Amino acid sequence: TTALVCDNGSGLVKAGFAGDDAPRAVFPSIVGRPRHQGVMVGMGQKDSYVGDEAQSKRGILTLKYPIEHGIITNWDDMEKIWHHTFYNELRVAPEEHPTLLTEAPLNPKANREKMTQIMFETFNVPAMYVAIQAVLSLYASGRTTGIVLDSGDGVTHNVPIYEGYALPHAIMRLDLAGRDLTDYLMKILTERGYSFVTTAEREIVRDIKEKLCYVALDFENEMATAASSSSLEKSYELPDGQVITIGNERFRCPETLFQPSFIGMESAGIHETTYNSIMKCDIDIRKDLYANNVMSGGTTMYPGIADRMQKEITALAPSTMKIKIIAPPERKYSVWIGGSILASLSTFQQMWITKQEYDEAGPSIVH
Amino acid sequence: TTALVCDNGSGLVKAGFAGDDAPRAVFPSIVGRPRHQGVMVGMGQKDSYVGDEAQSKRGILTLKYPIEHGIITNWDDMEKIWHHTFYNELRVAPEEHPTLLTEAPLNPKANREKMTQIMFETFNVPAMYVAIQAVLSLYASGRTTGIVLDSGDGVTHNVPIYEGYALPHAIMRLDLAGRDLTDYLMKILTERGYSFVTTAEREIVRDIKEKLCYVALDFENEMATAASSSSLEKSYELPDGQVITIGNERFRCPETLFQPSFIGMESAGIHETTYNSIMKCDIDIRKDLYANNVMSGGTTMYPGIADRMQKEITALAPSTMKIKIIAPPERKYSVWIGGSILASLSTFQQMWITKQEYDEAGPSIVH
Amino acid sequence: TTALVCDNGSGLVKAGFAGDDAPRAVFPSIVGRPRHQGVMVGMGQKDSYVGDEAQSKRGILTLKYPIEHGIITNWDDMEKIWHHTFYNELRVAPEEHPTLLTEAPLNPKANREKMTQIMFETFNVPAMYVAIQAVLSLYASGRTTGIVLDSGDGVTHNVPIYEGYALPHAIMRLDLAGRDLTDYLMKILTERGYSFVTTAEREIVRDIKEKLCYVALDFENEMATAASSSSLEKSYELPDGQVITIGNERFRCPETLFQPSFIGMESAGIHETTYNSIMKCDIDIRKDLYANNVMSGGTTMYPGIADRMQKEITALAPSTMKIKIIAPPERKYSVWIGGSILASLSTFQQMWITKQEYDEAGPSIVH
């Protein structure tokens, strides 16, 4: 049997077998219990709706993302995510396949152990391994050097890798993008009188965060032309018939990635965390970290990136240095195409942690 | 044995066993004591005549509807309604059947308790349950979403239901239609010189409220053509031989449902209470409340509804929204066909409150 | 001349010159047009009655609060509020005094601009400034740190301030209390058979919301003693002679502030919004947000607050932390005593926006 790559998204959990095209299942991670009393008599209602069904049944449930700030809320809901994914999307039994699971870089111990341990006893997989989402994006882009960005709602990361070794002393985790950008967009859309305070309605905010937002070339000059009469406004239509016109806030929300002072948080922008991680690496290596700046994750899919990022880095970086920023299409599925390449390779079959070895070793094998 | 669905009409009490055709007994709720002295010597006269016999013996009695403004006048007369219904119409003993009783939405406490308690000790039914008349109209129309209208003489209601949960925060009770429309018709028929002030004669007013009245497409334009010489007049014949010709007031009386300022009451029309209840529901749900607007109750059987209601809602509702108003034939028996479907279903047999459980629990089981 | 502090209440507009005792004018914000035709011949009737005269002429008018959900309905009625206030209560010309106006925190743009702009051209004030009602309550209590609560009919707010800087990332606006508590009280008083559906009569509901309601120590245990025979009932007398006896609903209505699930809204109680705003502030600052919890606004004048709030916060907050909740008398006039202190200080005279500067700058000076 065929191995299964299942990505523990922050979004947007992604699932598909090993090779060779695209993921089979992608869905918004949400679990939602019903906040109102039923009067139908069937009864016909589920105890907890997962996505996609919880995104079709908005407004009668209370949506709860099971992974928040890069860590799982409880494994009771997480197990339901897994069960739903394997059985009613992929249509496969875990006993049939070796699996490949993903994690986030700088995640607290003992949450990789507890995960691995529960998943082996609950789903009875014959072998498993847990890879960080950032490392996998190297394979997806066909690179062997560069700084890797796993940016999902709501934890971004900046990991530098050099042919083909990782540098522990320069790894940066920012809790900045993207769920706090969702919350910030909701705070500056209230300023235009649209009240979307409720949990369900927050998903609609997320959808306009995808579609209508853009990044400026320079903030001050976009603000200048905003003061002018020329329309930057785009009109969105809402499920109850309402028409929302956003303009100024449209470029304000993504610009936060370069200026976190908009949220009021002390942390520095992607601009400077890129530079400061490069300048924590040895002198000879710095040469090839420039021009292997590879963006990844769905929250980097705004149009004005990477050429904003490019212009800003080129201004702070040493003169006459070659800087190219690598941003392909499909960054949301980058991780999955990474994992797919990995699990197909020899000899990594023998790098998987198998059940008998796990049973003897216990949680200490993980690291 | 076969369960019995007995509807506590405002009209028009309705009774018939569970399934599958139509009600067996429908009658005008009136009790009437004799207002004149008897000289026949038989004597042969009843202490209180119920309907139908009190509608055949008009003019020698004083008709008193036992339910007024959605609440029962006294249980002394109500028990006679029940006794008459079970014994001399349906021909059944309550000890033979589990019953299903109806109520009105937003009815004061403790009037469901006192009812339930008296009915168990007086009629000795083996089990019972009390459903609100509005919820039952969902089943009758085969829907699972929509705003439900229980409109009888003289309390209307507007209850929003979404698949398959009820929304408590948007429930509206209007004391507007229909008995006040009966009283208003009597006030604008006196304007044409016909004096029908007495209690018995008020039933005749109710009968012309059924048959001859109609709703306009637009008030102002119907008023315009009323000023013209073309006849809108219909000639009714009265039991003593009199011929009554009504025209202008013919469309004025039902138009009150869209304009309560005709009665002088502050409350807003069905038009606006429909809109304002929809706009008290969550944004995603509003989409399916439009086009599941379901009218019910006999007082909605005027010809110009629903296409008046349609035109008015479409003008106030957001542009490009799909609005269909659902109004089938037989709306007066909607409630009964609802109840019939309910009481036949498994597992609702075990939702009935049985006598032993009631005896242990007391009136606190009701809610 | 003496500066004038005029508070844009949600209630309850408040007005009085700068220093040193109490407001001169307080009145219920209502404007009401006459819903019936006049037959007196004088004629003697006003086009629109404002409060107090619209609270003496109840039942012949249709009361409309000009500010609803924290935003003004139209400036046509708002200007009449202002005109009435300055001229026929305060007896002062706006050209004589610099004014100080108030607003609500998280109010949509461009409603501070449009207000400021209209007020300068209509009333011709020589200078003005607009302060949010929450910030002013710090001065009133003589504090320089703490979370400030502006709670009026029907928008509450939770703003954290630290010596002497404001924290934008933790500001919470709840549309929960108090006008929806008025509407909820009307919905659970109909349950006891008293029908107060009309606009005028809604004011009477508001008056019993003030006087007779109380907060429980614990809901479940107050509900227990409610099931007991001991009287919690208080008897109110109504203008037409009616005696109303409320008990259970008496503690149910204010308890909604800790449990919004009673209205069916998804939002969390003051308990948790207090905690969750504190836990969105930096670690060192959290220490002094506890014990500077300052309540304000008239809708916090229920007797069981703050010691309900105290017991609930102490249960959720970390162990051995000092928590004191600051609730002085006169919370309804807190805002005014705040404003009074502010406008008297040097150098804040030079913080006022003066007419010549406004004329040059235009609406862009506001922020």
# chains A, B, ... in the order shown; residues from 1 in each chain; ligands from 1
>>> residues_around(residues="residue 294 in chain A", least_positions_apart="4", cutoff="12 Å", atoms="only C-alpha atoms", output="ChimeraX atom specification")
/A:134-151,157-161,274,289-290,300,305-306,309-310,323-329,331,334
>>> residues_around(residues="residue 364 in chain A", least_positions_apart="5", cutoff="12 Å", atoms="only C-alpha atoms", output="list in words")
residues 109, 110, 112, 113, 114, 116, 117, 353, 357, 358 and 359 of chain A
>>> write_last_selection(atoms="N, CA, C and O atoms", output="tab-separated table (two decimals), in the first residue's frame")
chain	number	residue	atom	x	y	z
A	109	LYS	N	6.86	21.19	23.85
A	109	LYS	CA	6.89	19.84	24.31
A	109	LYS	C	5.94	19.74	25.48
A	109	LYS	O	5.88	20.64	26.30
A	110	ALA	N	5.13	18.69	25.64
A	110	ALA	CA	5.17	17.38	25.03
A	110	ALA	C	4.05	17.18	24.05
A	110	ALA	O	3.36	16.23	24.08
A	112	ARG	N	4.13	16.84	20.73
A	112	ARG	CA	4.36	15.97	19.59
A	112	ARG	C	4.26	14.53	20.04
A	112	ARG	O	3.69	13.68	19.36
A	113	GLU	N	4.72	14.26	21.28
A	113	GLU	CA	4.61	12.99	21.97
A	113	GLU	C	3.16	12.60	22.13
A	113	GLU	O	2.69	11.70	21.45
A	114	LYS	N	2.38	13.33	22.96
A	114	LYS	CA	0.96	13.13	23.18
A	114	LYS	C	0.13	12.92	21.92
A	114	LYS	O	-0.72	12.04	21.87
A	116	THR	N	1.43	11.83	18.77
A	116	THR	CA	1.94	10.55	18.26
A	116	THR	C	1.40	9.36	19.02
A	116	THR	O	0.99	8.35	18.44
A	117	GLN	N	1.33	9.47	20.35
A	117	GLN	CA	0.93	8.41	21.25
A	117	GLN	C	-0.54	8.13	21.11
A	117	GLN	O	-0.95	6.99	20.88
A	353	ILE	N	8.73	5.67	11.91
A	353	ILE	CA	8.61	5.00	13.19
A	353	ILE	C	7.52	3.96	13.12
A	353	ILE	O	6.35	4.28	12.96
A	357	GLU	N	8.41	-0.93	17.07
A	357	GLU	CA	9.48	-0.12	17.60
A	357	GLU	C	8.95	0.93	18.55
A	357	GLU	O	9.50	1.13	19.63
A	358	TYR	N	7.82	1.57	18.21
A	358	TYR	CA	7.11	2.50	19.07
A	358	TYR	C	6.62	1.85	20.36
A	358	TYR	O	6.75	2.41	21.44
A	359	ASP	N	6.05	0.64	20.28
A	359	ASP	CA	5.58	-0.10	21.43
A	359	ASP	C	6.71	-0.39	22.42
A	359	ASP	O	6.58	-0.18	23.61
>>> closest_atom_pairs(of="chain B", to="chain C", cutoff="9 Å", atoms="only C-alpha atoms", output="JSON lines")
{"residue": "B:106", "atom": "CA", "partner": "C:191", "partner_atom": "CA", "distance": 6.9}
{"residue": "B:107", "atom": "CA", "partner": "C:191", "partner_atom": "CA", "distance": 6.4}
{"residue": "B:108", "atom": "CA", "partner": "C:191", "partner_atom": "CA", "distance": 4.1}
{"residue": "B:109", "atom": "CA", "partner": "C:191", "partner_atom": "CA", "distance": 5.4}
{"residue": "B:110", "atom": "CA", "partner": "C:192", "partner_atom": "CA", "distance": 7.7}
{"residue": "B:167", "atom": "CA", "partner": "C:264", "partner_atom": "CA", "distance": 7.9}
{"residue": "B:168", "atom": "CA", "partner": "C:264", "partner_atom": "CA", "distance": 6.9}
{"residue": "B:169", "atom": "CA", "partner": "C:263", "partner_atom": "CA", "distance": 6.1}
{"residue": "B:174", "atom": "CA", "partner": "C:197", "partner_atom": "CA", "distance": 9.0}
{"residue": "B:261", "atom": "CA", "partner": "C:35", "partner_atom": "CA", "distance": 8.9}
{"residue": "B:264", "atom": "CA", "partner": "C:36", "partner_atom": "CA", "distance": 7.7}
{"residue": "B:265", "atom": "CA", "partner": "C:198", "partner_atom": "CA", "distance": 8.9}
{"residue": "B:266", "atom": "CA", "partner": "C:198", "partner_atom": "CA", "distance": 6.6}
{"residue": "B:267", "atom": "CA", "partner": "C:198", "partner_atom": "CA", "distance": 7.1}
>>> write_last_selection(atoms="N, CA, C and O atoms", output="compact mmCIF listing (two decimals), in the first residue's frame")
# COMPACT_ATOMS: atom_id res chain seq x y z
N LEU B 106 -46.77 32.64 22.76
CA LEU B 106 -46.65 33.73 23.67
C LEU B 106 -47.90 33.92 24.47
O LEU B 106 -48.49 34.91 24.52
N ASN B 107 -48.34 32.92 25.14
CA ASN B 107 -49.49 32.89 25.97
C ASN B 107 -49.05 32.88 27.40
O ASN B 107 -48.11 32.20 27.72
N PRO B 108 -49.61 33.65 28.28
CA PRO B 108 -49.17 33.73 29.64
C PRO B 108 -49.13 32.49 30.47
O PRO B 108 -50.02 31.69 30.41
N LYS B 109 -48.13 32.37 31.32
CA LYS B 109 -48.04 31.36 32.34
C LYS B 109 -48.92 31.80 33.49
O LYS B 109 -48.95 32.98 33.83
N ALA B 110 -49.68 30.93 34.15
CA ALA B 110 -49.65 29.49 34.19
C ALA B 110 -50.83 28.88 33.47
O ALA B 110 -51.49 28.05 33.97
N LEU B 167 -36.02 30.17 16.74
CA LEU B 167 -35.28 31.35 17.13
C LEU B 167 -36.07 32.17 18.15
O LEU B 167 -36.98 32.88 17.76
N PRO B 168 -35.82 32.10 19.45
CA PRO B 168 -36.63 32.78 20.45
C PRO B 168 -36.56 34.28 20.39
O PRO B 168 -37.50 34.94 20.81
N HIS B 169 -35.49 34.85 19.87
CA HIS B 169 -35.24 36.27 19.97
C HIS B 169 -36.02 37.07 18.97
O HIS B 169 -36.05 38.24 19.02
N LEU B 174 -48.92 39.62 17.46
CA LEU B 174 -49.74 40.79 17.23
C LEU B 174 -51.18 40.47 17.57
O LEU B 174 -51.78 39.54 17.06
N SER B 261 -53.22 51.61 11.40
CA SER B 261 -53.68 52.97 11.63
C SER B 261 -55.16 53.18 11.33
O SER B 261 -55.80 54.05 11.90
N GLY B 264 -56.55 52.58 14.51
CA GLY B 264 -55.94 53.56 15.37
C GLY B 264 -54.93 52.99 16.29
O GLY B 264 -54.44 53.65 17.14
N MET B 265 -54.58 51.76 16.17
CA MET B 265 -53.58 51.11 16.98
C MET B 265 -52.18 51.34 16.46
O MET B 265 -51.95 51.49 15.27
N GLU B 266 -51.20 51.41 17.37
CA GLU B 266 -49.85 51.83 17.05
C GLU B 266 -49.02 50.81 16.30
O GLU B 266 -48.14 51.17 15.55
N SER B 267 -49.29 49.52 16.50
CA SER B 267 -48.63 48.39 15.87
C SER B 267 -48.46 48.43 14.37
O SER B 267 -49.26 48.97 13.66
>>> residues_around(residues="residue 100 in chain B", least_positions_apart="2", cutoff="9 Å", atoms="only C-alpha atoms", output="MDAnalysis selection string")
chainID B and resid 3:7 98 102 127:131 339 343 352
>>> residues_around(residues="residue 276 in chain A", least_positions_apart="2", cutoff="12 Å", atoms="only C-alpha atoms", output="list in words")
residues 147, 158, 159, 160, 169, 170, 171, 172, 268, 269, 270, 271, 272, 273, 274, 278, 279, 280, 281, 286, 289, 313, 316 and 317 of chain A
>>> write_last_selection(atoms="N, CA, C and O atoms", output="short mmCIF file (atom, residue, chain, number, x, y, z; two decimals), in the first residue's frame")
data_model
loop_
_atom_site.label_atom_id
_atom_site.label_comp_id
_atom_site.auth_asym_id
_atom_site.auth_seq_id
_atom_site.Cartn_x
_atom_site.Cartn_y
_atom_site.Cartn_z
N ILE A 147 15.57 30.37 3.18
CA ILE A 147 14.74 30.61 4.34
C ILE A 147 13.29 30.30 4.00
O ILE A 147 12.72 30.82 3.05
N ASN A 158 9.90 31.62 10.36
CA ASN A 158 11.04 31.96 9.53
C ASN A 158 12.21 31.02 9.82
O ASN A 158 12.95 31.23 10.78
N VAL A 159 12.39 29.93 9.04
CA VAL A 159 13.42 28.94 9.31
C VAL A 159 14.54 28.98 8.25
O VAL A 159 14.25 28.72 7.08
N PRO A 160 15.80 29.27 8.53
CA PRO A 160 16.88 29.23 7.53
C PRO A 160 17.51 27.85 7.38
O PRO A 160 17.89 27.23 8.37
N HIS A 169 20.19 28.24 15.49
CA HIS A 169 20.41 29.46 16.22
C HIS A 169 19.69 30.64 15.63
O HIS A 169 19.65 31.66 16.21
N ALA A 170 19.08 30.53 14.48
CA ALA A 170 18.42 31.62 13.81
C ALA A 170 16.94 31.39 13.55
O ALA A 170 16.31 32.17 12.84
N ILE A 171 16.31 30.36 14.13
CA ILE A 171 14.90 30.09 13.89
C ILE A 171 13.96 31.07 14.60
O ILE A 171 14.06 31.30 15.79
N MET A 172 13.06 31.74 13.85
CA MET A 172 12.12 32.70 14.40
C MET A 172 10.66 32.30 14.22
O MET A 172 10.19 32.06 13.11
N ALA A 268 8.59 42.79 15.18
CA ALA A 268 9.02 43.44 13.97
C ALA A 268 8.51 42.73 12.72
O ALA A 268 8.19 41.56 12.74
N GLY A 269 8.44 43.44 11.58
CA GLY A 269 7.87 42.94 10.34
C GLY A 269 8.69 41.87 9.66
O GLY A 269 9.87 41.67 9.95
N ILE A 270 8.07 41.14 8.71
CA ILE A 270 8.72 40.08 7.94
C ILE A 270 9.99 40.52 7.23
O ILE A 270 11.00 39.82 7.24
N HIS A 271 9.99 41.73 6.65
CA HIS A 271 11.17 42.51 6.30
C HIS A 271 12.36 42.37 7.23
O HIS A 271 13.44 41.92 6.83
N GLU A 272 12.19 42.72 8.51
CA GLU A 272 13.29 42.77 9.44
C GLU A 272 13.59 41.42 10.03
O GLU A 272 14.75 41.09 10.26
N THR A 273 12.60 40.53 10.21
CA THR A 273 12.89 39.20 10.75
C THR A 273 13.64 38.35 9.76
O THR A 273 14.51 37.56 10.11
N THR A 274 13.40 38.58 8.45
CA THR A 274 14.19 38.00 7.38
C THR A 274 15.63 38.46 7.47
O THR A 274 16.55 37.66 7.53
N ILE A 278 19.11 36.20 8.82
CA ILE A 278 20.24 36.08 7.92
C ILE A 278 21.49 36.58 8.61
O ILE A 278 22.53 35.93 8.61
N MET A 279 21.41 37.74 9.28
CA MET A 279 22.52 38.25 10.05
C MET A 279 22.70 37.59 11.41
O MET A 279 23.43 38.10 12.25
N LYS A 280 22.13 36.40 11.64
CA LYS A 280 22.52 35.54 12.74
C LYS A 280 23.17 34.28 12.20
O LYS A 280 23.45 33.36 12.94
N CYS A 281 23.42 34.20 10.89
CA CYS A 281 24.15 33.11 10.28
C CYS A 281 25.57 33.50 9.92
O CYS A 281 25.87 34.68 9.76
N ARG A 286 25.68 33.60 4.25
CA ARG A 286 24.74 34.69 4.03
C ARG A 286 24.51 34.98 2.56
O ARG A 286 23.40 35.29 2.14
N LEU A 289 21.72 32.68 1.22
CA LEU A 289 20.41 32.87 1.81
C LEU A 289 19.66 33.96 1.07
O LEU A 289 18.47 33.83 0.77
N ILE A 313 13.53 44.62 1.30
CA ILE A 313 14.75 43.90 1.64
C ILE A 313 15.92 44.51 0.91
O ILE A 313 16.94 44.81 1.54
N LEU A 316 17.44 47.45 2.73
CA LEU A 316 18.13 47.21 3.98
C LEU A 316 19.37 46.36 3.80
O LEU A 316 20.39 46.56 4.46
N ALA A 317 19.34 45.42 2.84
CA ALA A 317 20.45 44.56 2.51
C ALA A 317 21.65 45.31 1.93
O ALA A 317 21.46 46.35 1.31
#
>>> atom_distance(atom1="CA of residue 322 in chain B", atom2="CA of residue 291 in chain B")
6.4 Å
>>> atom_distance(atom1="CA of residue 122 in chain B", atom2="CA of residue 45 in chain B")
25.7 Å
>>> residues_around(residues="range 243-245 of chain A", least_positions_apart="3", cutoff="6 Å", atoms="only C-alpha atoms", output="PyMOL selection string")
chain A and resi 233-237
>>> closest_residue(among="A:360, A:15, A:355, A:346", to="residue 126 in chain A", atoms="only C-alpha atoms")
A:355
>>> decode(residues="range 242-258 of chain B", atoms="N, CA and C atoms", output="PDB file, in the first residue's frame")
ATOM      1  N   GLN B 242     -83.406  41.551   3.965  1.00  0.00           N
ATOM      2  CA  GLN B 242     -82.819  42.825   3.630  1.00  0.00           C
ATOM      3  C   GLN B 242     -81.665  42.631   2.665  1.00  0.00           C
ATOM      4  N   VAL B 243     -81.451  43.594   1.761  1.00  0.00           N
ATOM      5  CA  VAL B 243     -80.378  43.560   0.787  1.00  0.00           C
ATOM      6  C   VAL B 243     -79.355  44.625   1.110  1.00  0.00           C
ATOM      7  N   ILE B 244     -78.100  44.225   1.375  1.00  0.00           N
ATOM      8  CA  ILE B 244     -77.041  45.127   1.786  1.00  0.00           C
ATOM      9  C   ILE B 244     -76.042  45.232   0.652  1.00  0.00           C
ATOM     10  N   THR B 245     -75.703  46.462   0.227  1.00  0.00           N
ATOM     11  CA  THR B 245     -74.755  46.745  -0.847  1.00  0.00           C
ATOM     12  C   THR B 245     -73.506  47.429  -0.345  1.00  0.00           C
ATOM     13  N   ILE B 246     -72.381  46.703  -0.220  1.00  0.00           N
ATOM     14  CA  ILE B 246     -71.108  47.264   0.234  1.00  0.00           C
ATOM     15  C   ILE B 246     -70.085  47.345  -0.890  1.00  0.00           C
ATOM     16  N   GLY B 247     -69.297  48.446  -0.947  1.00  0.00           N
ATOM     17  CA  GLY B 247     -68.282  48.676  -1.968  1.00  0.00           C
ATOM     18  C   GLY B 247     -66.983  49.179  -1.444  1.00  0.00           C
ATOM     19  N   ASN B 248     -66.860  50.460  -1.121  1.00  0.00           N
ATOM     20  CA  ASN B 248     -65.649  51.060  -0.607  1.00  0.00           C
ATOM     21  C   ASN B 248     -65.065  50.314   0.613  1.00  0.00           C
ATOM     22  N   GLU B 249     -65.905  50.088   1.665  1.00  0.00           N
ATOM     23  CA  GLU B 249     -65.508  49.389   2.876  1.00  0.00           C
ATOM     24  C   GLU B 249     -65.060  47.946   2.634  1.00  0.00           C
ATOM     25  N   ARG B 250     -65.501  47.328   1.515  1.00  0.00           N
ATOM     26  CA  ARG B 250     -65.185  45.983   1.054  1.00  0.00           C
ATOM     27  C   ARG B 250     -63.709  45.731   0.932  1.00  0.00           C
ATOM     28  N   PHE B 251     -62.932  46.707   0.414  1.00  0.00           N
ATOM     29  CA  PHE B 251     -61.470  46.571   0.390  1.00  0.00           C
ATOM     30  C   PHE B 251     -60.798  47.283   1.542  1.00  0.00           C
ATOM     31  N   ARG B 252     -61.508  48.196   2.233  1.00  0.00           N
ATOM     32  CA  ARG B 252     -60.955  48.898   3.382  1.00  0.00           C
ATOM     33  C   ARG B 252     -60.690  47.982   4.565  1.00  0.00           C
ATOM     34  N   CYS B 253     -61.680  47.151   4.942  1.00  0.00           N
ATOM     35  CA  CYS B 253     -61.531  46.223   6.049  1.00  0.00           C
ATOM     36  C   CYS B 253     -60.311  45.287   5.980  1.00  0.00           C
ATOM     37  N   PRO B 254     -59.995  44.500   4.952  1.00  0.00           N
ATOM     38  CA  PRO B 254     -58.808  43.654   4.977  1.00  0.00           C
ATOM     39  C   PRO B 254     -57.506  44.424   4.886  1.00  0.00           C
ATOM     40  N   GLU B 255     -57.482  45.610   4.243  1.00  0.00           N
ATOM     41  CA  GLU B 255     -56.294  46.442   4.083  1.00  0.00           C
ATOM     42  C   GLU B 255     -55.654  46.836   5.396  1.00  0.00           C
ATOM     43  N   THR B 256     -56.461  46.926   6.462  1.00  0.00           N
ATOM     44  CA  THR B 256     -56.042  47.032   7.857  1.00  0.00           C
ATOM     45  C   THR B 256     -54.897  46.124   8.275  1.00  0.00           C
ATOM     46  N   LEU B 257     -54.778  44.918   7.693  1.00  0.00           N
ATOM     47  CA  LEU B 257     -53.677  44.011   7.962  1.00  0.00           C
ATOM     48  C   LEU B 257     -52.312  44.548   7.551  1.00  0.00           C
ATOM     49  N   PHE B 258     -52.274  45.391   6.526  1.00  0.00           N
ATOM     50  CA  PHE B 258     -51.119  46.163   6.132  1.00  0.00           C
ATOM     51  C   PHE B 258     -51.076  47.555   6.724  1.00  0.00           C
TER      52      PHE B 258
END
